[PDB]
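Asks: So that you have it, the file is protein-v4.cif, and it contains mmCIF, C-alpha atoms and all ligand atoms:
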data_query
#
loop_
_atom_site.label_atom_id
_atom_site.label_comp_id
_atom_site.auth_asym_id
_atom_site.auth_seq_id
_atom_site.Cartn_x
_atom_site.Cartn_y
_atom_site.Cartn_z
CA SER G 344 -40.42 49.45 -18.59
CA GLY G 345 -41.42 46.07 -17.12
CA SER G 346 -41.89 42.34 -17.74
CA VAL G 347 -45.39 41.68 -19.13
CA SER G 348 -45.39 39.08 -21.90
CA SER G 349 -47.66 36.84 -23.98
CA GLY G 350 -47.56 33.13 -23.10
CA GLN G 351 -49.24 29.98 -21.81
CA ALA G 352 -50.86 28.99 -18.50
CA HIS G 353 -47.79 27.30 -16.93
CA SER G 354 -45.60 30.34 -17.50
CA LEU G 355 -48.18 32.46 -15.65
CA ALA G 356 -48.39 30.00 -12.74
CA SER G 357 -44.59 29.92 -12.40
CA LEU G 358 -44.42 33.72 -12.04
CA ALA G 359 -47.50 33.87 -9.81
CA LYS G 360 -45.61 31.56 -7.41
CA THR G 361 -43.14 34.42 -6.84
CA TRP G 362 -45.97 36.76 -5.75
CA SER G 363 -46.94 34.49 -2.86
CA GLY G 373 -42.37 46.55 2.27
CA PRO G 374 -42.50 49.70 0.09
CA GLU G 375 -44.94 50.07 -2.84
CA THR G 376 -43.47 49.93 -6.32
CA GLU G 377 -44.51 50.42 -9.94
CA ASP G 378 -43.26 46.93 -10.87
CA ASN G 379 -45.21 45.76 -13.90
CA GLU G 380 -45.09 42.06 -14.75
CA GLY G 381 -47.31 39.18 -15.82
CA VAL G 382 -48.57 36.92 -18.57
CA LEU G 383 -51.43 37.50 -20.97
CA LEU G 384 -52.89 34.24 -22.32
CA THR G 385 -54.96 35.51 -25.24
CA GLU G 386 -53.79 37.57 -28.22
CA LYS G 387 -56.79 39.86 -27.53
CA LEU G 388 -54.92 41.33 -24.55
CA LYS G 389 -51.67 42.80 -25.86
CA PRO G 390 -48.65 44.03 -23.89
CA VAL G 391 -47.12 47.23 -25.25
CA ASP G 392 -43.31 47.33 -25.00
CA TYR G 393 -43.48 44.64 -22.28
CA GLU G 394 -45.85 46.78 -20.19
CA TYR G 395 -49.55 46.48 -19.34
CA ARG G 396 -50.66 49.25 -17.00
CA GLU G 397 -54.12 50.42 -15.94
CA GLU G 398 -55.26 53.77 -17.42
CA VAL G 399 -52.50 53.50 -20.05
CA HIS G 400 -53.06 50.21 -21.96
CA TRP G 401 -56.31 49.14 -20.32
CA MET G 402 -59.18 50.71 -18.45
CA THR G 403 -62.16 49.70 -16.34
CA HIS G 404 -65.57 51.25 -16.98
CA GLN G 405 -69.24 51.28 -16.03
CA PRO G 406 -70.53 50.02 -12.65
CA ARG G 407 -68.87 47.11 -10.83
CA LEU G 408 -69.69 43.62 -12.10
CA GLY G 409 -69.82 42.32 -8.54
CA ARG G 410 -67.74 41.08 -5.63
CA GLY G 411 -65.02 38.46 -6.05
CA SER G 412 -62.89 36.80 -3.41
CA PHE G 413 -60.44 39.37 -1.95
CA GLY G 414 -61.30 42.09 -4.50
CA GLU G 415 -63.80 43.84 -6.74
CA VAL G 416 -64.70 42.77 -10.29
CA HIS G 417 -65.04 45.17 -13.24
CA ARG G 418 -65.65 45.40 -16.92
CA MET G 419 -62.43 46.32 -18.68
CA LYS G 420 -61.26 47.20 -22.16
CA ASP G 421 -57.88 46.77 -23.81
CA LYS G 422 -57.26 50.21 -25.35
CA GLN G 423 -55.57 48.87 -28.49
CA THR G 424 -57.62 45.78 -29.45
CA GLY G 425 -60.87 47.15 -27.97
CA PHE G 426 -61.50 43.70 -26.50
CA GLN G 427 -63.78 43.57 -23.47
CA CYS G 428 -63.41 41.26 -20.49
CA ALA G 429 -63.52 41.08 -16.70
CA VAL G 430 -60.88 42.02 -14.16
CA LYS G 431 -60.56 41.33 -10.46
CA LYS G 432 -58.15 43.66 -8.75
CA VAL G 433 -56.59 42.09 -5.66
CA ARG G 434 -54.10 43.62 -3.20
CA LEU G 435 -50.90 41.61 -3.31
CA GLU G 436 -50.97 40.70 0.40
CA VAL G 437 -54.31 38.84 0.08
CA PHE G 438 -53.74 37.38 -3.41
CA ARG G 439 -53.74 33.58 -3.30
CA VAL G 440 -51.55 31.79 -5.82
CA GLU G 441 -54.12 28.97 -6.04
CA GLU G 442 -56.27 31.30 -8.13
CA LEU G 443 -53.78 31.13 -11.05
CA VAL G 444 -52.34 27.62 -10.47
CA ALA G 445 -55.47 25.52 -9.83
CA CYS G 446 -56.79 25.98 -13.38
CA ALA G 447 -53.55 25.97 -15.42
CA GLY G 448 -53.95 23.34 -18.13
CA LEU G 449 -57.65 22.90 -17.31
CA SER G 450 -60.36 23.62 -19.83
CA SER G 451 -64.09 22.96 -19.40
CA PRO G 452 -67.34 24.56 -20.65
CA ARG G 453 -68.31 24.61 -16.95
CA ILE G 454 -65.24 26.68 -16.01
CA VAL G 455 -64.83 30.35 -16.99
CA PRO G 456 -61.43 30.61 -18.71
CA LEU G 457 -58.72 32.95 -17.37
CA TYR G 458 -57.13 35.44 -19.78
CA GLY G 459 -54.08 36.12 -17.63
CA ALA G 460 -52.90 38.17 -14.69
CA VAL G 461 -50.69 41.25 -14.38
CA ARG G 462 -49.14 42.78 -11.27
CA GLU G 463 -48.75 46.55 -10.87
CA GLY G 464 -46.95 47.34 -7.66
CA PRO G 465 -49.02 45.99 -4.74
CA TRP G 466 -51.94 45.10 -7.06
CA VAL G 467 -52.62 41.91 -8.96
CA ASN G 468 -55.12 42.17 -11.80
CA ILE G 469 -56.68 38.91 -12.86
CA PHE G 470 -58.32 38.84 -16.29
CA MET G 471 -61.21 36.58 -17.21
CA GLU G 472 -63.79 35.99 -19.94
CA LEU G 473 -66.90 38.12 -19.51
CA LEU G 474 -70.15 36.24 -19.95
CA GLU G 475 -73.03 38.62 -20.68
CA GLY G 476 -75.70 36.61 -18.84
CA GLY G 477 -74.42 38.06 -15.55
CA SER G 478 -73.95 35.99 -12.38
CA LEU G 479 -76.41 33.40 -11.05
CA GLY G 480 -76.49 35.61 -7.94
CA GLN G 481 -77.63 38.54 -10.04
CA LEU G 482 -80.31 36.30 -11.59
CA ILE G 483 -81.74 35.38 -8.18
CA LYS G 484 -81.85 39.01 -6.99
CA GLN G 485 -83.63 40.12 -10.17
CA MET G 486 -86.13 37.22 -10.21
CA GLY G 487 -86.69 36.82 -6.44
CA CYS G 488 -86.01 33.10 -6.68
CA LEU G 489 -85.79 30.51 -9.47
CA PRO G 490 -88.28 27.76 -10.33
CA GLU G 491 -87.42 24.17 -9.44
CA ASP G 492 -86.53 23.01 -12.98
CA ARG G 493 -84.17 25.88 -13.71
CA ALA G 494 -82.52 25.57 -10.29
CA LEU G 495 -81.92 21.84 -10.91
CA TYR G 496 -80.61 22.62 -14.40
CA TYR G 497 -78.06 25.09 -13.05
CA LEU G 498 -77.04 22.86 -10.11
CA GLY G 499 -76.50 20.08 -12.65
CA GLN G 500 -74.18 22.30 -14.66
CA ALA G 501 -72.36 23.50 -11.52
CA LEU G 502 -71.96 19.86 -10.45
CA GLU G 503 -70.44 18.97 -13.85
CA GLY G 504 -67.83 21.67 -13.17
CA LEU G 505 -67.22 20.07 -9.80
CA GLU G 506 -66.75 16.59 -11.32
CA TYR G 507 -64.06 18.05 -13.55
CA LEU G 508 -62.31 19.70 -10.61
CA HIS G 509 -62.63 16.87 -8.10
CA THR G 510 -61.25 14.18 -10.33
CA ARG G 511 -58.20 16.46 -10.46
CA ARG G 512 -58.13 16.78 -6.65
CA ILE G 513 -58.99 20.48 -6.88
CA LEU G 514 -61.46 22.00 -4.44
CA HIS G 515 -63.20 25.11 -5.73
CA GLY G 516 -63.64 26.37 -2.15
CA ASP G 517 -66.51 28.82 -2.50
CA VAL G 518 -69.30 27.45 -4.69
CA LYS G 519 -72.14 30.02 -4.58
CA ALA G 520 -74.46 31.82 -7.02
CA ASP G 521 -72.19 34.91 -7.05
CA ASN G 522 -69.32 32.79 -8.45
CA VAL G 523 -71.40 31.17 -11.20
CA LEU G 524 -71.64 33.05 -14.53
CA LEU G 525 -74.38 32.63 -17.12
CA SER G 526 -74.27 32.88 -20.91
CA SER G 527 -76.28 35.54 -22.80
CA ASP G 528 -79.36 33.31 -23.17
CA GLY G 529 -78.88 31.72 -19.71
CA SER G 530 -78.58 28.23 -21.14
CA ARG G 531 -74.99 27.80 -19.89
CA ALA G 532 -73.60 28.20 -16.38
CA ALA G 533 -69.91 28.09 -15.52
CA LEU G 534 -67.84 28.28 -12.31
CA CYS G 535 -65.44 31.16 -11.71
CA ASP G 536 -63.27 32.70 -8.98
CA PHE G 537 -60.72 30.25 -7.55
CA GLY G 538 -59.56 32.52 -4.72
CA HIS G 539 -60.46 29.88 -2.15
CA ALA G 540 -59.42 26.92 -4.30
CA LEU G 541 -57.22 24.21 -2.76
CA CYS G 542 -54.98 21.61 -4.36
CA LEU G 543 -55.73 18.36 -2.54
CA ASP G 556 -54.49 25.03 4.50
CA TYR G 557 -58.09 25.80 3.51
CA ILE G 558 -59.22 29.43 3.71
CA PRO G 559 -62.99 29.15 4.36
CA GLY G 560 -65.52 30.72 2.02
CA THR G 561 -68.93 32.28 2.58
CA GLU G 562 -70.20 31.44 6.09
CA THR G 563 -73.76 30.50 5.06
CA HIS G 564 -72.36 27.96 2.56
CA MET G 565 -69.79 26.36 4.86
CA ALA G 566 -69.85 22.65 5.68
CA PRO G 567 -69.70 21.38 9.27
CA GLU G 568 -66.23 19.88 8.79
CA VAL G 569 -64.97 23.34 7.78
CA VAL G 570 -66.24 25.00 11.00
CA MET G 571 -65.04 21.90 12.89
CA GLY G 572 -61.49 22.36 11.52
CA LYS G 573 -61.32 18.80 10.19
CA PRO G 574 -59.33 17.91 7.04
CA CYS G 575 -61.48 19.16 4.15
CA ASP G 576 -61.96 17.26 0.91
CA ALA G 577 -63.98 17.75 -2.32
CA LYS G 578 -67.19 17.11 -0.34
CA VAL G 579 -66.93 20.68 1.00
CA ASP G 580 -67.85 21.88 -2.53
CA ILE G 581 -70.87 19.56 -2.57
CA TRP G 582 -72.31 20.97 0.65
CA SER G 583 -71.74 24.49 -0.68
CA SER G 584 -73.40 23.68 -4.00
CA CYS G 585 -76.52 22.47 -2.13
CA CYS G 586 -76.48 25.63 -0.06
CA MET G 587 -76.45 27.43 -3.43
CA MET G 588 -79.42 25.26 -4.49
CA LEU G 589 -81.40 26.42 -1.42
CA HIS G 590 -80.47 30.03 -2.28
CA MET G 591 -81.87 29.64 -5.80
CA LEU G 592 -85.08 28.05 -4.52
CA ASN G 593 -85.75 30.29 -1.54
CA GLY G 594 -84.15 33.54 -2.67
CA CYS G 595 -81.86 33.70 0.36
CA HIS G 596 -78.81 31.97 1.79
CA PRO G 597 -79.59 29.09 4.16
CA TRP G 598 -79.63 29.79 7.92
CA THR G 599 -80.20 33.54 7.59
CA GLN G 600 -83.98 33.46 8.05
CA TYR G 601 -83.79 31.34 11.21
CA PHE G 602 -80.61 32.48 12.97
CA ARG G 603 -79.24 35.76 14.21
CA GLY G 604 -75.44 36.16 14.29
CA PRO G 605 -72.51 33.70 14.30
CA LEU G 606 -73.61 30.90 11.96
CA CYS G 607 -70.37 29.03 12.62
CA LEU G 608 -71.75 27.26 15.71
CA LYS G 609 -75.20 26.62 14.25
CA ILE G 610 -73.73 24.89 11.20
CA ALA G 611 -71.67 22.65 13.50
CA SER G 612 -74.46 21.88 15.99
CA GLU G 613 -77.85 22.19 14.23
CA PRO G 614 -79.36 19.57 11.91
CA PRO G 615 -78.41 20.20 8.27
CA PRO G 616 -80.69 22.84 6.76
CA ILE G 617 -82.98 20.40 4.98
CA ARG G 618 -86.01 22.06 6.64
CA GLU G 619 -85.29 24.83 4.14
CA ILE G 620 -86.21 22.65 1.17
CA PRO G 621 -89.42 24.11 -0.26
CA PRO G 622 -92.40 21.85 0.45
CA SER G 623 -93.28 22.14 -3.28
CA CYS G 624 -90.10 20.36 -4.44
CA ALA G 625 -90.60 16.86 -5.86
CA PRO G 626 -89.29 13.72 -4.07
CA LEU G 627 -85.99 13.35 -5.99
CA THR G 628 -85.23 17.07 -5.74
CA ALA G 629 -85.55 16.90 -1.97
CA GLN G 630 -83.59 13.66 -1.89
CA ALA G 631 -80.67 15.11 -3.87
CA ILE G 632 -80.45 18.18 -1.63
CA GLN G 633 -80.64 15.92 1.47
CA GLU G 634 -77.76 13.77 0.15
CA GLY G 635 -75.72 16.84 -0.76
CA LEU G 636 -76.31 18.11 2.81
CA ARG G 637 -75.31 15.10 4.93
CA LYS G 638 -73.30 16.46 7.88
CA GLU G 639 -70.54 13.80 7.72
CA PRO G 640 -68.66 14.09 4.41
CA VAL G 641 -68.38 10.31 4.38
CA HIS G 642 -72.14 10.04 3.78
CA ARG G 643 -72.36 13.12 1.55
CA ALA G 644 -72.85 12.53 -2.18
CA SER G 645 -69.91 13.02 -4.55
CA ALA G 646 -70.17 15.38 -7.55
CA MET G 647 -70.55 12.35 -9.85
CA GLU G 648 -73.36 10.85 -7.72
CA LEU G 649 -75.22 14.12 -7.15
CA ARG G 650 -74.98 15.12 -10.82
CA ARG G 651 -76.72 11.88 -11.78
CA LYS G 652 -79.46 12.35 -9.15
CA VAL G 653 -80.02 16.00 -10.13
CA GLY G 654 -80.30 14.80 -13.78
CA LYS G 655 -82.96 12.27 -12.83
CA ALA G 656 -84.66 14.89 -10.67
CA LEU G 657 -84.88 17.34 -13.59
CA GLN G 658 -86.46 14.70 -15.88
CA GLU G 659 -89.04 13.86 -13.24
CA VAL G 660 -90.33 17.43 -12.95
CA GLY G 661 -90.69 17.32 -16.74
CA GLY G 662 -87.34 18.76 -17.92
CA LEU G 663 -86.25 22.39 -18.34
CA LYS G 664 -89.37 24.36 -19.27
CA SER G 665 -89.36 27.67 -17.38
CA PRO G 666 -88.08 30.67 -19.35
CA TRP G 667 -84.96 32.10 -17.66
CA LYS G 668 -86.67 35.43 -16.82
CA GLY G 669 -90.12 37.05 -17.22
CA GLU G 670 -91.83 35.83 -14.03
CA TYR G 671 -90.92 37.33 -10.64
CA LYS G 672 -91.33 34.69 -7.96
CA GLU G 673 -91.77 35.88 -4.36
CA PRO G 674 -88.89 34.54 -2.20
CA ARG G 675 -89.31 33.01 1.27
CA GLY G 676 -90.65 35.81 3.52
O1 LIG D 1 -61.55 35.42 -9.56
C1 LIG D 1 -61.70 36.27 -10.61
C2 LIG D 1 -60.65 36.46 -11.51
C3 LIG D 1 -60.82 37.32 -12.58
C4 LIG D 1 -62.02 38.00 -12.74
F1 LIG D 1 -62.18 38.85 -13.78
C5 LIG D 1 -63.07 37.81 -11.85
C6 LIG D 1 -62.92 36.93 -10.78
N1 LIG D 1 -63.93 36.69 -9.83
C7 LIG D 1 -65.30 36.87 -9.97
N2 LIG D 1 -65.93 37.38 -10.98
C8 LIG D 1 -67.26 37.44 -10.88
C9 LIG D 1 -68.09 38.01 -11.95
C10 LIG D 1 -67.58 38.21 -13.24
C11 LIG D 1 -68.40 38.75 -14.21
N3 LIG D 1 -69.65 39.09 -13.91
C12 LIG D 1 -70.17 38.92 -12.70
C13 LIG D 1 -69.42 38.38 -11.68
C14 LIG D 1 -67.80 36.99 -9.73
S1 LIG D 1 -66.47 36.43 -8.74
#
Could you write out this structure as structure tokens?

Replies:
Amino acid sequence: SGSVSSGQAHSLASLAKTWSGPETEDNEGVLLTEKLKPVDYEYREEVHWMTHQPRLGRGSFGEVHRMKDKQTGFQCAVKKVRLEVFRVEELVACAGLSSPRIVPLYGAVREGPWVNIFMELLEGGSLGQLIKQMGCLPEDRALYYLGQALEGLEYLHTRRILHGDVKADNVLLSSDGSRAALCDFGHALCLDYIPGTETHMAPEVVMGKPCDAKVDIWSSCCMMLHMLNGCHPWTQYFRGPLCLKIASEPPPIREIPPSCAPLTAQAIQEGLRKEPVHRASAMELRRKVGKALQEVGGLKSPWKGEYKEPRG
């Protein structure tokens, strides 16, 4: 027996707060959708639910899988995280939030030293998977996705929530690739910041200065460069510890493809100002990116079909 129940977001957050020696079989948590059903107040892997197929990808602090509720047959995603590296922020930051640009959480359930976080599965795959498959993305589609990402950031930032690791691997697409949404709040902060992916990290992060929402903007423009070039910024120019190069080198605007139109290059420049004070906000950048997309003639490229050679 255990303490897994059906309820709302706030009841999950409250319990998650208590998660922060020996290894137990303690089973407890909150399922947020009727599609995931506790059985006699239990929800245990291999008994009531199971993972299958290959991994979906890497999440913060744990692996992500396809899973199925054995009773309802309902399919979703699960990130399994060891209790000692589980951050509460992942289940508190988005409680009471709802946006088309944010992948909804289905709940979380602890099973001894493991915390299983359940989330909607979008069948388009991740933006990171799109890049790998296609080499890189054309300018219009990259702008379109950045726009959508930035809309997600507006929604977060006005609530003083920092996503903390905005990157293609944490953006999910819909089945026709027309919709992108943010996921994985493992590094989220409610405005001590646990830094995300090194290649996407702002100078103020490596400098150890107080971080604000502008960290997400920098990261999102690093993601933009990744979509355009097919690789994370820095990696094609620099060898090892990117920490110091982010802090000391000019911002990676040299990595903007020469083919990009004026306003595309401008937006990326403004999203990549070294001093957060001069860096564009999500509201500002979203507007510029919107103008930028119009000026290249709107979204025209099909989401797949043409492999584009990345930067050598
Ligand atoms: O923080 C989480 C909480 C619950 C989850 F089920 C997943 C995540 N994290 C991530 N999921 C993905 C992903 C999902 C589905 N397909 C491709 C990638 C990338 S990072």

Asks: Counting all atoms listed in the file, which residues have an atom no more than 9 Å from (-83.9, 24.9, -13.4) in the file's coordinates? Please list them as a count of residues only.

Replies: 17

Asks: Could you work out how far CA of residue 432 (chain G) lies from CA of residue 410 (chain G), giving the answer in Å with one decimal?

Replies: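 Between CA of residue 410 (chain G) and CA of residue 432 (chain G) the gap works out to 10.4 Å.
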
Asks: Would you mind listing, for every residue of region 605-660 of chain G within 10 Å of region 594-598 of chain G, the two atoms forming the shortest contact and the distance between them in Å to one decimal, using all atoms listed in the file, sorted by chain and ascending residue number, as a tab-separated table?

Replies:
residue	atom	partner	partner_atom	distance
G:606	CA	G:598	CA	7.3
G:609	CA	G:598	CA	8.4
G:610	CA	G:598	CA	8.3
G:615	CA	G:598	CA	9.7
G:616	CA	G:597	CA	6.9
G:617	CA	G:597	CA	9.4
G:618	CA	G:597	CA	9.8
G:619	CA	G:597	CA	7.1
G:620	CA	G:597	CA	9.7

Asks: Pull C-alpha atoms from the residues just selected and write them as a compact mmCIF listing (two decimals), keeping the file's coordinate frame.

Replies:
# COMPACT_ATOMS: atom_id res chain seq x y z
CA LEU G 606 -73.61 30.90 11.96
CA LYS G 609 -75.20 26.62 14.25
CA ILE G 610 -73.73 24.89 11.20
CA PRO G 615 -78.41 20.20 8.27
CA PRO G 616 -80.69 22.84 6.76
CA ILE G 617 -82.98 20.40 4.98
CA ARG G 618 -86.01 22.06 6.64
CA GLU G 619 -85.29 24.83 4.14
CA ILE G 620 -86.21 22.65 1.17

Asks: Applying 7 Å and all atoms listed in the file, which residues near region 444-460 of chain G remain after dropping the ones on its own chain fewer than 6 positions away? List them as an mmCIF file with C-alpha atoms, in the coordinates of the input.

Replies:
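As written to disk, around-v2.cif reads:
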data_model
loop_
_atom_site.group_PDB
_atom_site.id
_atom_site.type_symbol
_atom_site.label_atom_id
_atom_site.label_comp_id
_atom_site.auth_asym_id
_atom_site.auth_seq_id
_atom_site.Cartn_x
_atom_site.Cartn_y
_atom_site.Cartn_z
ATOM 1 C CA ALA G 352 -50.860 28.990 -18.500
ATOM 2 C CA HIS G 353 -47.790 27.300 -16.930
ATOM 3 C CA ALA G 356 -48.390 30.000 -12.740
ATOM 4 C CA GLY G 381 -47.310 39.180 -15.820
ATOM 5 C CA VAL G 382 -48.570 36.920 -18.570
ATOM 6 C CA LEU G 383 -51.430 37.500 -20.970
ATOM 7 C CA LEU G 384 -52.890 34.240 -22.320
ATOM 8 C CA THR G 385 -54.960 35.510 -25.240
ATOM 9 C CA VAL G 467 -52.620 41.910 -8.960
ATOM 10 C CA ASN G 468 -55.120 42.170 -11.800
ATOM 11 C CA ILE G 469 -56.680 38.910 -12.860
ATOM 12 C CA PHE G 470 -58.320 38.840 -16.290
ATOM 13 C CA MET G 471 -61.210 36.580 -17.210
ATOM 14 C CA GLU G 472 -63.790 35.990 -19.940
ATOM 15 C CA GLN G 500 -74.180 22.300 -14.660
ATOM 16 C CA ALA G 501 -72.360 23.500 -11.520
ATOM 17 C CA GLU G 503 -70.440 18.970 -13.850
ATOM 18 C CA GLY G 504 -67.830 21.670 -13.170
ATOM 19 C CA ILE G 513 -58.990 20.480 -6.880
ATOM 20 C CA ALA G 532 -73.600 28.200 -16.380
ATOM 21 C CA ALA G 533 -69.910 28.090 -15.520
ATOM 22 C CA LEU G 534 -67.840 28.280 -12.310
ATOM 23 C CA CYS G 535 -65.440 31.160 -11.710
ATOM 24 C CA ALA G 540 -59.420 26.920 -4.300
ATOM 25 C CA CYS G 542 -54.980 21.610 -4.360
#

Asks: What is the distance between atom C12 of ligand LIG 1 (chain D) and CA of residue 524 (chain G), in Å to one decimal?

Replies: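 Computing it gives 6.3 Å between the two atoms.
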
Asks: Which residues are near ligand LIG 1 (chain D) - at most 8 Å, using only C-alpha atoms and all ligand atoms? Format: as a CSV table (one decimal) with C-alpha atoms, in the coordinates of the input.

Replies:
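Once written, result-v8.csv looks like this:
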chain,number,residue,atom,x,y,z
G,408,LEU,CA,-69.7,43.6,-12.1
G,409,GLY,CA,-69.8,42.3,-8.5
G,410,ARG,CA,-67.7,41.1,-5.6
G,411,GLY,CA,-65.0,38.5,-6.0
G,412,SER,CA,-62.9,36.8,-3.4
G,415,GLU,CA,-63.8,43.8,-6.7
G,416,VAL,CA,-64.7,42.8,-10.3
G,417,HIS,CA,-65.0,45.2,-13.2
G,418,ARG,CA,-65.6,45.4,-16.9
G,428,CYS,CA,-63.4,41.3,-20.5
G,429,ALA,CA,-63.5,41.1,-16.7
G,430,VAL,CA,-60.9,42.0,-14.2
G,431,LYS,CA,-60.6,41.3,-10.5
G,432,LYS,CA,-58.2,43.7,-8.8
G,442,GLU,CA,-56.3,31.3,-8.1
G,457,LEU,CA,-58.7,33.0,-17.4
G,468,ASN,CA,-55.1,42.2,-11.8
G,469,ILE,CA,-56.7,38.9,-12.9
G,470,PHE,CA,-58.3,38.8,-16.3
G,471,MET,CA,-61.2,36.6,-17.2
G,472,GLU,CA,-63.8,36.0,-19.9
G,473,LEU,CA,-66.9,38.1,-19.5
G,474,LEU,CA,-70.2,36.2,-20.0
G,475,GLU,CA,-73.0,38.6,-20.7
G,477,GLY,CA,-74.4,38.1,-15.6
G,478,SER,CA,-74.0,36.0,-12.4
G,481,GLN,CA,-77.6,38.5,-10.0
G,521,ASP,CA,-72.2,34.9,-7.0
G,522,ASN,CA,-69.3,32.8,-8.4
G,523,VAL,CA,-71.4,31.2,-11.2
G,524,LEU,CA,-71.6,33.0,-14.5
G,535,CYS,CA,-65.4,31.2,-11.7
G,536,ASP,CA,-63.3,32.7,-9.0
G,537,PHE,CA,-60.7,30.2,-7.6
G,538,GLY,CA,-59.6,32.5,-4.7

Asks: Given all atoms listed in the file as the basis, pick out the residue of G:574, G:465, G:487, G:476 nearest to residue 676 (chain G).

Replies: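 For residue 676 (chain G), the nearest of the given residues is G:487.
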
Asks: How many Å lie between CA of residue 509 (chain G) and CA of residue 577 (chain G), rounded to one decimal?

Replies: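 Value for the CA of residue 509 (chain G)-CA of residue 577 (chain G) distance: 6.0 Å.
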
Asks: Using only C-alpha atoms, which protein or nucleic acid residues come within 10 Å of residue 348 (chain G)? Drop anything in the same chain fewer than 3 positions from it, and give the result as a list in words.

Replies: residues 345, 351, 354, 355, 380, 381, 382, 383, 384, 389, 390, 391, 392, 393, 394, 395 and 461 of chain G

Asks: For the selection just defined, write its residues with C-alpha atoms to a file, as an mmCIF file, in the frame of the given file.

Replies:
data_model
loop_
_atom_site.group_PDB
_atom_site.id
_atom_site.type_symbol
_atom_site.label_atom_id
_atom_site.label_comp_id
_atom_site.auth_asym_id
_atom_site.auth_seq_id
_atom_site.Cartn_x
_atom_site.Cartn_y
_atom_site.Cartn_z
ATOM 1 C CA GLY G 345 -41.420 46.070 -17.120
ATOM 2 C CA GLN G 351 -49.240 29.980 -21.810
ATOM 3 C CA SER G 354 -45.600 30.340 -17.500
ATOM 4 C CA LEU G 355 -48.180 32.460 -15.650
ATOM 5 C CA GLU G 380 -45.090 42.060 -14.750
ATOM 6 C CA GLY G 381 -47.310 39.180 -15.820
ATOM 7 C CA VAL G 382 -48.570 36.920 -18.570
ATOM 8 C CA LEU G 383 -51.430 37.500 -20.970
ATOM 9 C CA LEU G 384 -52.890 34.240 -22.320
ATOM 10 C CA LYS G 389 -51.670 42.800 -25.860
ATOM 11 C CA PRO G 390 -48.650 44.030 -23.890
ATOM 12 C CA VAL G 391 -47.120 47.230 -25.250
ATOM 13 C CA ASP G 392 -43.310 47.330 -25.000
ATOM 14 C CA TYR G 393 -43.480 44.640 -22.280
ATOM 15 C CA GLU G 394 -45.850 46.780 -20.190
ATOM 16 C CA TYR G 395 -49.550 46.480 -19.340
ATOM 17 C CA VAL G 461 -50.690 41.250 -14.380
#

Asks: Place a sphere of radius 12 Å on (-60.8, 27.6, 0.8) in the file coordinates and name every protein, DNA or RNA residue with an atom inside or on its surface, counting only C-alpha atoms; give the answer as a PyMOL selection string.

Replies: chain G and resi 412+439+441-442+513-518+536-543+556-562+564-566+569-570+572+574-577+579-580+583

Asks: For residue 640 (chain G), which residue among G:656, G:519, G:573, G:672 is the nearest when counting all atoms listed in the file?

Replies: G:573

Asks: Which residue gives the smallest distance to residue 440 (chain G) among G:362, G:426, G:413, G:507, with all atoms listed in the file counted?

Replies: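 Looking only at the distances to residue 440 (chain G), the closest residue turns out to be G:362.
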
Asks: Closest to residue 479 (chain G) among G:525, G:649, G:624, G:644, using all atoms listed in the file?

Replies: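 Closest to residue 479 (chain G), using all atoms listed in the file: G:525.
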
Asks: Between G:587, G:611, G:653, G:433, which is the closest to residue 483 (chain G) once you count all atoms listed in the file?

Replies: G:587

Asks: Which residue gives the smallest distance to residue 349 (chain G) among G:375, G:386, G:361, G:571, with only C-alpha atoms counted?

Replies: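 Closest to residue 349 (chain G) of all the choices is G:386.
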
Asks: Please put the answer as JSON: centre and edge lengths, in Å with one decimal, of a box along x, y and z that encloses all listed atoms of region 448-452 of chain G plus 3 Å on each side.

Replies:
{"center_x": -60.6, "center_y": 23.7, "center_z": -19.0, "size_x": 19.4, "size_y": 7.7, "size_z": 9.3}

Asks: Excluding residue 643 (chain G) and any residue of its chain fewer than 4 positions from it, enumerate the residues within 8 Å of it, using all atoms listed in the file, and give them as a VMD selection string.

Replies: chain G and resid 578 581 to 582 634 to 639
